[PDB]
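As structure tokens, the structure follows; a few thoughts come after it.
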Amino acid sequence: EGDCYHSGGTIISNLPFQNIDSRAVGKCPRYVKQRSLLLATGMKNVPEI
Amino acid sequence: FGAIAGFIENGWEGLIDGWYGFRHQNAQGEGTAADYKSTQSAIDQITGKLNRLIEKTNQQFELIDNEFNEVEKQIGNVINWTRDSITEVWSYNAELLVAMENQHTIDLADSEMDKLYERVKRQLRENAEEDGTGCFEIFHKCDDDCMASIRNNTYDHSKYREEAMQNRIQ
Amino acid sequence: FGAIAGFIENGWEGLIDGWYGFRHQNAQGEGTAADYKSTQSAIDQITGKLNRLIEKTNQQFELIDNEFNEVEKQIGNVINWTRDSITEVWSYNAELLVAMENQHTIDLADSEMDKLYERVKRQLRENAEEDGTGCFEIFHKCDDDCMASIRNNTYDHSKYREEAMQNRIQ
Amino acid sequence: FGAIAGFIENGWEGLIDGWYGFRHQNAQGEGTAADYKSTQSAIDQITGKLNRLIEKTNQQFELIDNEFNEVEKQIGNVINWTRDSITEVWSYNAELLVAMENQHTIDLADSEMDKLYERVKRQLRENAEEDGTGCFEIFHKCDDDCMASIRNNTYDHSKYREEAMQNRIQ
Amino acid sequence: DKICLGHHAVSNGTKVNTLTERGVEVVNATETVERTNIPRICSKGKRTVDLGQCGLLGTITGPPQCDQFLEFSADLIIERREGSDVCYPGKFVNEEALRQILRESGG
Ligand SMILES: *[C@@H]1O[C@H](CO)[C@@H](O)[C@H](O)[C@H]1NC(C)=O
């Protein structure tokens, strides 16, 4: 089951962005230029001394 | 705020069971505890941001070009102008929304760290002083059963009030 | 910051005449006062944001479609593509501008609350201690006329300095 | 945070050699020093934001109109609609990105000011009290060589611990 | 005696981005831009047809290849690299316009 397509198959994702096909059409996440962007689901990290 | 990577020198890789934890010492030994609220309130925020961006849209859009039987050229350089400029916008907001929601995420760890530190600073009241690395120097006797009363916020300040005001000034 | 909905347990529904107020107790009674600056500096910010978004634009745009004598179809699916994608943008910024200017609004209430609290913490100096719910436990005598001197920032610390350093340690 | 333009009354126009500096007084005189870390960590941030916006794009776009041999009119009012609406977008983000990166810039000066103030508040420990304008009232003897030990964070608290606990309570 | 407060940290980390610095390490991260492509075309809960050698405009004239899509009932359409609207050579006039309308015609 899907709701977004382009000429090379289907884009299934909960994410708001995608770097795949600008001519992707349907109920889609937005197209973006960078290949990947990381959102931290954690706190800062201080490597133990 | 200065907490994480400020005046605390570092974090504790042994604390599996929280983001935030306790670690004490007395005439018994040393033990690594955890704090549920301070860990849990922070978990509530990281996954709140998460449940936002999952909200997708109910606006559908049609294939307007053609990569088999190609359309006209004076129009391709206009659609490839609007689309290649929408590409440059959401590549700007993902540059800004993703860059910000991460910027705003680490600071929810220094305000949840000055919120657990200025509270134990108020249960103990006038019974302990702060040394430098982020601890409360206790000058009275407080064992395994006494520490756990500061943990669950049932510690009473007038319960050990006269001992530490006699071993701190001396 | 922890002030509102942190270590203050709640707010005071009787304080009509400010956002922020005072509430004391002594050998006379209890009274609910207010603080003009702390209330007023916050009013300056909520209505500053307000005067921004009222700034509209001086760029005019023409009706390009037609809902009486309709235009062509290959172009409707491109204008209804650009317009229905501009719709999706300003529905993203109103999703982000409105979501943020509200996020940034409540935090101007915890920094105006740690700014009135760490100041009375400095006029009193070494003459009072803080209990837990957000008050300063006074151990000397301070009446209706003495409290109003901490209100307008004319209280002198060396004026009651030796009394509270004699009733706090004892 | 309240530091700059809160309880510090003002800044020091003589401090060429930093953003942040020291200024003391004793039985010798007065001198205006500086603090490298607190100045330098702030310089790292102002020019970090700088190195972001310099990152330009690698997407090229062609001239689609014509101001010599003009194109058709039904299309000019659509291109001048998309372009004059993209103009209104980046004039909204420059209205928001520039307005925010400046909003976020001054607050990196009140958290680098409560981070140098609550640290000297911990080296001195229980040896000084804070008056009102943003200073630490020293009640013991500390000369030109003693002050520079609080500067480079080699001051020892148990080195002058019994003198100030004898001149503060008295 | 002495009591302390502290935070969690590790050394098997990823790196993220902010507003002032770039490349800072954190606890647990998450992706926001999609990179994984399902190569098939997902169609469940909706009726579908595929033309292959038939062009979308071939169902309107009906060359000897679109004889079952003369009346094709469908919620979805697929177009192929070998779709041909024509057997006797020619070309429609304003042909692409008809596809986009037909792309959304349901049969
Ligand atoms: C890290 O985050 C992901 C996504 O939010 C989650 O599935 C995973 O359980 C998290 N890991 C830990 C150790 O919490």
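Every chain in the structure tokens has a letter given in the order shown (A, B, ...), and although residue numbers restart at 1 in each chain, ligands are simply numbered from 1 in the order shown.
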Chain B fitted onto chain C, all C-alpha pairs in order, as an mmCIF file with C-alpha atoms, in the first residue's frame:
data_model
loop_
_atom_site.group_PDB
_atom_site.id
_atom_site.type_symbol
_atom_site.label_atom_id
_atom_site.label_comp_id
_atom_site.auth_asym_id
_atom_site.auth_seq_id
_atom_site.Cartn_x
_atom_site.Cartn_y
_atom_site.Cartn_z
ATOM 1 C CA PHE B 1 13.572 27.839 33.106
ATOM 2 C CA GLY B 2 11.595 26.033 35.680
ATOM 3 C CA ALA B 3 9.838 28.957 37.241
ATOM 4 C CA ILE B 4 6.291 28.800 35.976
ATOM 5 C CA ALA B 5 5.080 25.195 36.378
ATOM 6 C CA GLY B 6 8.395 24.064 37.867
ATOM 7 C CA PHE B 7 9.014 24.859 41.481
ATOM 8 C CA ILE B 8 6.258 27.447 41.887
ATOM 9 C CA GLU B 9 3.253 25.199 42.423
ATOM 10 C CA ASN B 10 0.893 27.652 40.796
ATOM 11 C CA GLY B 11 -0.358 31.091 39.908
ATOM 12 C CA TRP B 12 -2.655 33.509 41.585
ATOM 13 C CA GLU B 13 -6.098 34.083 40.106
ATOM 14 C CA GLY B 14 -6.620 37.143 42.272
ATOM 15 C CA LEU B 15 -3.883 39.197 40.703
ATOM 16 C CA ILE B 16 -5.961 41.257 38.247
ATOM 17 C CA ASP B 17 -3.551 44.109 38.253
ATOM 18 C CA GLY B 18 -0.594 42.366 36.830
ATOM 19 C CA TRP B 19 0.865 39.262 35.305
ATOM 20 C CA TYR B 20 3.302 39.257 38.218
ATOM 21 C CA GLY B 21 2.683 40.101 41.863
ATOM 22 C CA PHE B 22 3.743 39.909 45.530
ATOM 23 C CA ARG B 23 2.084 38.044 48.432
ATOM 24 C CA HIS B 24 3.488 38.284 51.960
ATOM 25 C CA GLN B 25 2.783 37.447 55.626
ATOM 26 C CA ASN B 26 3.919 38.713 58.982
ATOM 27 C CA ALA B 27 2.540 39.682 62.376
ATOM 28 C CA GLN B 28 -0.037 41.765 60.527
ATOM 29 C CA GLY B 29 -1.616 39.493 57.914
ATOM 30 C CA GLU B 30 -1.532 38.555 54.237
ATOM 31 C CA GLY B 31 -1.890 40.781 51.175
ATOM 32 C CA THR B 32 -1.645 40.378 47.394
ATOM 33 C CA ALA B 33 0.420 43.115 45.740
ATOM 34 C CA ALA B 34 1.682 43.433 42.182
ATOM 35 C CA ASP B 35 4.912 44.318 40.390
ATOM 36 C CA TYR B 36 4.702 46.847 37.623
ATOM 37 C CA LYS B 37 8.085 46.377 35.840
ATOM 38 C CA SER B 38 7.991 42.610 35.664
ATOM 39 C CA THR B 39 4.393 42.762 34.396
ATOM 40 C CA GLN B 40 5.127 45.673 32.018
ATOM 41 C CA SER B 41 8.322 44.409 30.417
ATOM 42 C CA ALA B 42 6.347 41.230 29.480
ATOM 43 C CA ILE B 43 3.481 43.241 28.044
ATOM 44 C CA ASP B 44 6.099 45.041 25.883
ATOM 45 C CA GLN B 45 7.089 41.784 24.295
ATOM 46 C CA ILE B 46 3.682 40.176 23.553
ATOM 47 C CA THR B 47 2.545 43.295 21.711
ATOM 48 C CA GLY B 48 5.950 43.686 19.946
ATOM 49 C CA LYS B 49 5.431 40.428 18.125
ATOM 50 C CA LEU B 50 1.971 41.653 17.469
ATOM 51 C CA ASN B 51 3.216 44.844 15.699
ATOM 52 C CA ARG B 52 5.325 42.752 13.412
ATOM 53 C CA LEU B 53 2.863 40.479 11.862
ATOM 54 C CA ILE B 54 0.552 43.464 11.231
ATOM 55 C CA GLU B 55 3.178 44.704 8.743
ATOM 56 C CA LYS B 56 1.606 43.742 5.456
ATOM 57 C CA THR B 57 2.926 43.940 1.937
ATOM 58 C CA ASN B 58 2.959 46.461 -0.861
ATOM 59 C CA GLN B 59 3.162 43.867 -3.687
ATOM 60 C CA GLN B 60 -0.029 43.509 -5.665
ATOM 61 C CA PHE B 61 -0.978 40.375 -7.756
ATOM 62 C CA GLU B 62 -3.653 39.996 -10.548
ATOM 63 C CA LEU B 63 -6.427 37.466 -11.104
ATOM 64 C CA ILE B 64 -4.860 35.094 -13.515
ATOM 65 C CA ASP B 65 -7.571 32.403 -13.750
ATOM 66 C CA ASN B 66 -11.208 32.438 -14.614
ATOM 67 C CA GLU B 67 -14.143 30.803 -12.973
ATOM 68 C CA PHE B 68 -16.758 32.186 -15.514
ATOM 69 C CA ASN B 69 -15.110 31.702 -18.893
ATOM 70 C CA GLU B 70 -12.591 29.068 -18.008
ATOM 71 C CA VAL B 71 -9.057 28.983 -19.376
ATOM 72 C CA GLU B 72 -7.242 25.952 -20.907
ATOM 73 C CA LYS B 73 -6.749 22.610 -19.002
ATOM 74 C CA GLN B 74 -3.002 21.904 -19.510
ATOM 75 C CA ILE B 75 -2.377 25.263 -17.898
ATOM 76 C CA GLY B 76 -4.955 24.933 -15.078
ATOM 77 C CA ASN B 77 -2.996 21.856 -13.782
ATOM 78 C CA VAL B 78 0.106 24.025 -13.645
ATOM 79 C CA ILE B 79 -1.407 27.085 -12.097
ATOM 80 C CA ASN B 80 -3.364 24.936 -9.761
ATOM 81 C CA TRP B 81 0.112 23.397 -9.208
ATOM 82 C CA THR B 82 1.929 26.526 -8.333
ATOM 83 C CA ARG B 83 -0.861 27.978 -6.379
ATOM 84 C CA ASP B 84 -1.660 24.754 -4.641
ATOM 85 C CA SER B 85 2.038 24.524 -3.794
ATOM 86 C CA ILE B 86 2.269 28.131 -2.498
ATOM 87 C CA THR B 87 -0.717 27.272 -0.435
ATOM 88 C CA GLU B 88 1.393 24.398 0.981
ATOM 89 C CA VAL B 89 4.258 26.737 1.808
ATOM 90 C CA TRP B 90 2.535 29.523 3.721
ATOM 91 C CA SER B 91 0.614 26.675 5.368
ATOM 92 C CA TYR B 92 4.038 25.541 6.438
ATOM 93 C CA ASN B 93 5.305 28.801 7.701
ATOM 94 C CA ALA B 94 2.111 29.630 9.501
ATOM 95 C CA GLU B 95 2.704 26.147 10.754
ATOM 96 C CA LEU B 96 6.131 27.206 11.796
ATOM 97 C CA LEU B 97 5.995 30.922 12.396
ATOM 98 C CA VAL B 98 2.762 30.627 14.517
ATOM 99 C CA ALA B 99 4.026 27.489 16.179
ATOM 100 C CA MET B 100 7.326 29.196 17.108
ATOM 101 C CA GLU B 101 6.195 32.700 18.190
ATOM 102 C CA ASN B 102 4.020 30.888 20.684
ATOM 103 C CA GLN B 103 6.853 28.581 21.736
ATOM 104 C CA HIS B 104 9.042 31.615 22.339
ATOM 105 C CA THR B 105 6.258 33.439 24.217
ATOM 106 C CA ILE B 106 5.890 31.229 27.320
ATOM 107 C CA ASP B 107 9.685 31.188 27.885
ATOM 108 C CA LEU B 108 9.642 34.979 28.189
ATOM 109 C CA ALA B 109 7.637 34.197 31.385
ATOM 110 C CA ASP B 110 10.228 31.896 32.984
ATOM 111 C CA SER B 111 13.099 34.354 32.343
ATOM 112 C CA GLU B 112 11.070 37.249 33.683
ATOM 113 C CA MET B 113 10.379 34.943 36.693
ATOM 114 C CA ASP B 114 14.051 34.039 37.378
ATOM 115 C CA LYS B 115 14.881 37.691 36.884
ATOM 116 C CA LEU B 116 12.491 38.877 39.778
ATOM 117 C CA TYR B 117 13.531 35.994 41.967
ATOM 118 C CA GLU B 118 17.298 36.241 41.733
ATOM 119 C CA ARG B 119 17.006 39.972 42.419
ATOM 120 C CA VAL B 120 15.069 39.828 45.654
ATOM 121 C CA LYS B 121 17.622 37.154 46.322
ATOM 122 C CA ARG B 122 20.229 39.906 46.182
ATOM 123 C CA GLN B 123 18.556 42.798 48.064
ATOM 124 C CA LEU B 124 17.953 40.529 51.069
ATOM 125 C CA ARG B 125 21.497 39.277 50.596
ATOM 126 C CA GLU B 126 22.559 37.172 53.549
ATOM 127 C CA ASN B 127 19.281 37.763 55.556
ATOM 128 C CA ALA B 128 16.850 35.037 54.313
ATOM 129 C CA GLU B 129 16.848 31.481 52.997
ATOM 130 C CA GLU B 130 14.677 29.798 50.386
ATOM 131 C CA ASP B 131 12.362 26.973 51.556
ATOM 132 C CA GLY B 132 10.972 25.058 48.556
ATOM 133 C CA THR B 133 7.719 26.336 47.014
ATOM 134 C CA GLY B 134 9.321 29.543 45.898
ATOM 135 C CA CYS B 135 9.451 31.766 48.975
ATOM 136 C CA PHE B 136 12.083 33.498 51.067
ATOM 137 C CA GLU B 137 11.817 32.384 54.721
ATOM 138 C CA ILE B 138 12.304 35.563 56.768
ATOM 139 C CA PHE B 139 13.588 34.945 60.319
ATOM 140 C CA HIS B 140 13.472 38.577 61.415
ATOM 141 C CA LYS B 141 10.731 41.139 61.746
ATOM 142 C CA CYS B 142 9.490 42.748 58.647
ATOM 143 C CA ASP B 143 6.134 44.456 58.596
ATOM 144 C CA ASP B 144 3.929 46.162 56.024
ATOM 145 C CA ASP B 145 6.316 49.163 55.723
ATOM 146 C CA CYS B 146 9.477 46.972 55.531
ATOM 147 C CA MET B 147 8.130 44.732 52.730
ATOM 148 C CA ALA B 148 7.307 47.682 50.524
ATOM 149 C CA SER B 149 10.981 48.650 50.683
ATOM 150 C CA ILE B 150 11.966 45.384 49.015
ATOM 151 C CA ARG B 151 9.195 46.029 46.482
ATOM 152 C CA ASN B 152 10.513 49.385 45.173
ATOM 153 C CA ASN B 153 14.163 48.326 45.579
ATOM 154 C CA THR B 154 15.066 50.757 48.475
ATOM 155 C CA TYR B 155 15.539 48.012 51.005
ATOM 156 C CA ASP B 156 18.981 48.217 52.581
ATOM 157 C CA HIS B 157 20.802 44.946 53.388
ATOM 158 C CA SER B 158 23.023 46.399 56.190
ATOM 159 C CA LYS B 159 19.850 47.796 57.808
ATOM 160 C CA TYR B 160 18.647 44.417 59.135
ATOM 161 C CA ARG B 161 21.895 42.560 58.635
ATOM 162 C CA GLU B 162 22.782 41.468 62.191
ATOM 163 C CA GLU B 163 19.274 40.217 63.200
ATOM 164 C CA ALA B 164 18.722 37.658 60.562
ATOM 165 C CA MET B 165 22.315 36.432 60.933
ATOM 166 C CA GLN B 166 21.352 35.709 64.524
ATOM 167 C CA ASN B 167 18.032 34.089 64.004
ATOM 168 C CA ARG B 168 19.043 32.013 60.941
ATOM 169 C CA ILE B 169 22.046 30.094 62.454
ATOM 170 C CA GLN B 170 20.101 29.655 65.772
#
What residues of the protein or nucleic acid chains come within 6 Å of ligand 1 when you use only C-alpha atoms and all ligand atoms? Reply as a ChimeraX atom specification. /A:41 /E:28,30
Any chance you can output those residues with N, CA and C atoms as a tab-separated table (two decimals), in the first residue's frame?
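Saved as selection.tsv:
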chain	number	residue	atom	x	y	z
A	41	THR	N	17.53	12.34	18.42
A	41	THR	CA	16.50	11.96	19.37
A	41	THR	C	17.12	11.71	20.71
E	28	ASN	N	21.01	9.87	20.27
E	28	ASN	CA	20.29	8.93	19.46
E	28	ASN	C	19.80	9.89	18.41
E	30	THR	N	17.94	10.65	14.37
E	30	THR	CA	16.95	10.21	13.41
E	30	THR	C	17.09	10.97	12.04
Identify all residues of chain D in helix (DSSP H, G or I) (DSSP on the backbone) and supply them as JSON, numbers by chain. {"D": [3, 4, 5, 6, 7, 36, 37, 38, 39, 40, 41, 42, 43, 44, 45, 46, 47, 48, 49, 50, 51, 52, 53, 73, 74, 75, 76, 77, 78, 79, 80, 81, 82, 83, 84, 85, 86, 87, 88, 89, 90, 91, 92, 93, 97, 98, 99, 100, 101, 102, 103, 104, 105, 106, 114, 115, 116, 117, 118, 119, 120, 121, 122, 123, 144, 145, 146, 147, 148, 149, 150, 151, 157, 158, 159, 161, 162, 163, 164, 165, 166, 167]}
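Rounded to one decimal, CA of residue 52 (chain E) and CA of residue 79 (chain E) lie 6.5 Å from each other.
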Do you know which residues are at most 12 Å from residue 44 (chain E) counting only C-alpha atoms, after dropping those on the same chain fewer than 4 positions away, and could you put them as a PyMOL selection string? (chain A and resi 1-3) or (chain E and resi 48+75-76)
Could the residues in this selection be saved with C-alpha atoms as a short mmCIF file (atom, residue, chain, number, x, y, z; two decimals), in the first residue's frame?
data_model
loop_
_atom_site.label_atom_id
_atom_site.label_comp_id
_atom_site.auth_asym_id
_atom_site.auth_seq_id
_atom_site.Cartn_x
_atom_site.Cartn_y
_atom_site.Cartn_z
CA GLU A 1 0.00 0.00 0.00
CA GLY A 2 1.36 3.39 -0.99
CA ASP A 3 0.52 7.00 -1.79
CA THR E 48 -5.87 -0.55 -11.72
CA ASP E 75 -8.75 4.06 -10.35
CA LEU E 76 -5.14 4.09 -11.58
#
Interface list for chain A, partner chain B, 7 Å threshold, only C-alpha atoms, as a ChimeraX atom specification: /A:14-16,23,25-27,30-34,37,39-41,43-44,46-49
Would you output that residue set with N, CA and C atoms, as a short mmCIF file (atom, residue, chain, number, x, y, z; two decimals), in the first residue's frame?
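Final output, saved to out.cif:
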data_model
loop_
_atom_site.label_atom_id
_atom_site.label_comp_id
_atom_site.auth_asym_id
_atom_site.auth_seq_id
_atom_site.Cartn_x
_atom_site.Cartn_y
_atom_site.Cartn_z
N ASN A 14 7.55 8.14 6.44
CA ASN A 14 6.92 9.06 7.41
C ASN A 14 7.61 10.44 7.47
N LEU A 15 8.80 10.52 6.87
CA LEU A 15 9.62 11.71 6.97
C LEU A 15 8.99 12.79 6.19
N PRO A 16 9.35 14.04 6.49
CA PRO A 16 8.83 15.17 5.72
C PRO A 16 9.64 15.50 4.47
N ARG A 23 10.00 14.90 -9.68
CA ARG A 23 8.73 14.69 -10.41
C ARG A 23 7.88 13.60 -9.81
N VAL A 25 4.92 12.38 -7.71
CA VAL A 25 3.59 12.99 -7.67
C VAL A 25 2.62 12.22 -6.74
N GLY A 26 1.69 12.93 -6.07
CA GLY A 26 0.75 12.38 -5.08
C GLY A 26 0.63 13.09 -3.70
N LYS A 27 0.31 12.36 -2.61
CA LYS A 27 0.36 12.89 -1.23
C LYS A 27 1.74 12.61 -0.61
N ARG A 30 8.22 16.57 0.85
CA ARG A 30 8.78 17.58 -0.02
C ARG A 30 10.10 17.17 -0.59
N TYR A 31 10.41 17.68 -1.77
CA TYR A 31 11.69 17.32 -2.32
C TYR A 31 12.75 18.25 -1.75
N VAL A 32 13.93 17.68 -1.50
CA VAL A 32 15.05 18.43 -0.94
C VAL A 32 16.36 18.09 -1.65
N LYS A 33 17.32 19.02 -1.64
CA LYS A 33 18.65 18.87 -2.30
C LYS A 33 19.69 17.99 -1.57
N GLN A 34 19.82 18.18 -0.25
CA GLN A 34 20.77 17.38 0.54
C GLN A 34 20.32 15.94 0.57
N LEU A 37 19.66 14.40 6.26
CA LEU A 37 19.71 15.32 7.39
C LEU A 37 19.29 14.53 8.64
N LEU A 39 18.19 14.26 12.61
CA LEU A 39 17.56 14.87 13.77
C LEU A 39 17.88 14.04 15.02
N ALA A 40 18.42 14.68 16.06
CA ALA A 40 18.91 13.94 17.24
C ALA A 40 17.79 13.63 18.20
N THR A 41 17.53 12.34 18.42
CA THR A 41 16.50 11.96 19.37
C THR A 41 17.12 11.71 20.71
N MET A 43 20.17 13.52 23.83
CA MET A 43 20.81 14.70 24.46
C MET A 43 22.23 14.90 23.98
N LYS A 44 22.93 15.88 24.57
CA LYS A 44 24.32 16.05 24.17
C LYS A 44 25.16 14.93 24.76
N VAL A 46 28.95 14.08 26.20
CA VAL A 46 30.33 14.37 26.63
C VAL A 46 31.16 13.11 26.94
N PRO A 47 32.08 12.69 26.02
CA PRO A 47 32.79 11.42 26.23
C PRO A 47 33.50 11.43 27.57
N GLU A 48 33.15 10.41 28.34
CA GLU A 48 33.62 10.25 29.71
C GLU A 48 35.18 10.31 29.70
N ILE A 49 35.69 11.25 30.50
CA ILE A 49 37.11 11.58 30.70
C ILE A 49 38.01 10.41 31.07
#
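Near chain D, counting only C-alpha atoms at 8 Å, the chain E residues are residues 19, 20 and 21 of chain E.
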Can you work out the spacing between CA of residue 37 (chain E) and CA of residue 51 (chain E) in Å, to one decimal? 23.6 Å
Nearest to chain A: which of E:7, E:40, E:81, E:46 is it, counting only C-alpha atoms? E:40
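Across the model, the gap from CA of residue 43 (chain E) to CA of residue 70 (chain E) is 22.4 Å.
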With distances taken over only C-alpha atoms, which of A:22, A:17, A:7, A:29 is nearest to chain E? A:17
Output the contact residues of chain E with respect to chain A at a cut-off of 7 Å, based on only C-alpha atoms, as a PyMOL selection string. chain E and resi 9-11+16+25-35+37-44
